[PDB]
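Presented below, as C-alpha cells, is a lone chain in the form deposited in one PDB entry.
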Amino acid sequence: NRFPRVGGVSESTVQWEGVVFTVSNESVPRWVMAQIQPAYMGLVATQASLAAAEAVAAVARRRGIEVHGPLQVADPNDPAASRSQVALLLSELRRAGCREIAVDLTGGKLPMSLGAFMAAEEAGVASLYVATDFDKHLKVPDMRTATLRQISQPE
C-alpha cells in the first residue's frame, strides 16, 4: 500500500501482544496491525463505522489473531461511553491471556479517543498514535509519512 512498510519510532513502540482500536476507517488499524503483529486485538466502533471495524476484524482473524469485538458505542460524542467499552475490551483481552496491551486511539471521533485514553490510563496500558504530515491547508494526512508513536507509557 502507500503506507510505509516500516512505521514504529522505536523498537518498544511495535512490541505489543495485544492492541485495542477506536475505529473510524479500516485502513489505519490494518496498517497498525501489520506494524505491531499482535496475537490479540480489540475493536470499539459506532453504528456508522461498524462495517469498517468488521473488515479489520476479518483481516485479523484470517491471520490468526484472537479478535474481541467490535463493540459499539451508542454515542460517539460521549467519552464516557467509549471509556466503558474500551475498559470492557481491555478486561476481556486480559481474561483471555493477553499480557501486554496498548490502545491505538488514532481512529474514531475525538471523544472516542479521549474515552479510550482514560480507560487506558486507568488500566495502566500505553496509548499509541499514528502521526503524519499534512497538506498545506491541514485537511488531509499524507499516508506515506505515517509513523506509529507511543504517547503514554503508564505500565
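All residue numbers refer to positions in the sequence shown, first residue = 1. Take the two forms, find the largest set of C-alpha atoms that superpose within 1.5 Å, and that set is the rigid core.
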Subject >> Third assignment of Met143 from its chain's C-alpha B-factors >> reply: highest
**OP:** Looking at the entry's B-factor column for C-alpha atoms only, identify whether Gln35 ranks in the lowest, middle or highest third of its chain.
**Re:** middle
Subject >> Cα B factor band for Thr22 (lowest, middle or highest third within the chain) >> reply: lowest
Original post:
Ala57's Cα B-factor: lowest, middle or highest third of the chain?
Top reply: lowest
Original post:
Taking the C-alpha B-factors as the PDB entry records them, is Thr132 in the lowest, middle or highest third of its chain?
Top reply: lowest
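The next section is about a form of this same protein that is not shown, the form deposited in another entry.
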Subject >> Is_shifted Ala131 between this form and the one not shown (CA, 2 Å cut-off, rigid core) >> reply: no
Original post:
Out of closer and farther, which fits the Cα atoms of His137 and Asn77 in the other entry compared with this form, where the change is 3 Å or more?
Top reply: farther
Original post:
Do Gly7 and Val59 move together or apart in the other entry, judged by C-alpha distance changing 3 Å or more?
Top reply: farther
